[PDB]
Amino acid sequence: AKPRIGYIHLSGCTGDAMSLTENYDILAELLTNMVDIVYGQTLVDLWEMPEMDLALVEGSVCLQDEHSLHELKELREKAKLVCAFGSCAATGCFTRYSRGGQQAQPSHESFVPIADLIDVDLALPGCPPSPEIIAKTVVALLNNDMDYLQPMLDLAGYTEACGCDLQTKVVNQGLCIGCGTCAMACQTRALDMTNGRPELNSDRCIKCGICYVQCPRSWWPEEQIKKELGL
């Protein structure tokens, strides 16, 4: 019995699904023998939503699109776990900047992370999340590795993010130690370091949350880190 997974694309860009598929070596075995992708028209010819063990929900949801809202509601009913797949679903990401007014739907204006409308069980922030974190998450769910997954469960509550979080949650709190991990991680290169402190280029920030996610001073998963190092 393979885990039944749905991949539901709302107002996303499909980059998250693409990242999943850049687990090149294992992809054929993953799709054919490890999990069962049972729903999501990007991948499956099925127009009646089935029960799922896990829904990977990509994209924010548009408050002015009735079908998106119904689809989100239905997948919450039919999936045991809902994962906000990528920062648009998890934090709104760059759709936080949408403000409507464009053809051919000038009223399409308002986009929110999915937890603003439904209960979310875990999250994978990232724009997109790395092929590695996606593979490790799926394997963990396969093997019931709940110790590994705890940060994903916790991150379900991180739904409004910005590079300024490094100030408000780290530097302001007396926690920053100038390591540069945040600047290493930022997928848009919005971050530099000035005199050992993060420097935000707001013109490049997509509000994805990854800098604060990777900061060693936001949360420190010591036991899992040592386990993997054999220490």
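Heads up: residue numbers just count along the shown sequence, starting at 1.
Participant: Which is higher in the entry, the mean Cα B factor of 199-207 or that of 47-55?
Facilitator: In the deposited entry, the stretch with the higher C-alpha B-factor mean is 47-55.
Participant: Of the two stretches 219-227 and 13-21, which shows the higher Cα B-factor on average in the entry?
Facilitator: Looking at the record's C-alpha B-factors, the answer is 219-227.
Participant: Highest recorded C-alpha temperature factor, please, choosing from 149, 104, 124, 114.
Facilitator: Highest C-alpha B-factor among the listed options: 149.
Participant: In terms of CA temperature factor as recorded, identify the highest of 171, 193, 35, 63.
Facilitator: The listed residue with the largest C-alpha B-factor is 35.
Participant: Comparing against every modelled residue in the chain, figure out the third that the C-alpha B-factor of residue 130 lands in (lowest, middle or highest).
Facilitator: It belongs to the middle third of the chain when residues are ordered by C-alpha B-factor.
Participant: Where does residue 88 sit by CA temperature factor within its chain: lowest, middle or highest third?
Facilitator: Answer is lowest: the recorded C-alpha B-factor places it there.
Participant: Is the Cα B-factor recorded for residue 179 in the lowest, middle or highest third of its chain?
Facilitator: Its C-alpha B-factor belongs to the lowest third of this chain's values.
Participant: Sort the modelled residues of this chain by their C-alpha B factor and say whether residue 186 lands in the lowest, middle or highest third.
Facilitator: As the PDB entry reports it, the C-alpha B-factor of residue 186 lands in the lowest third of its chain.
Participant: In terms of the chain's CA B-factor thirds, is residue 78 lowest, middle or highest?
Facilitator: Highest third.
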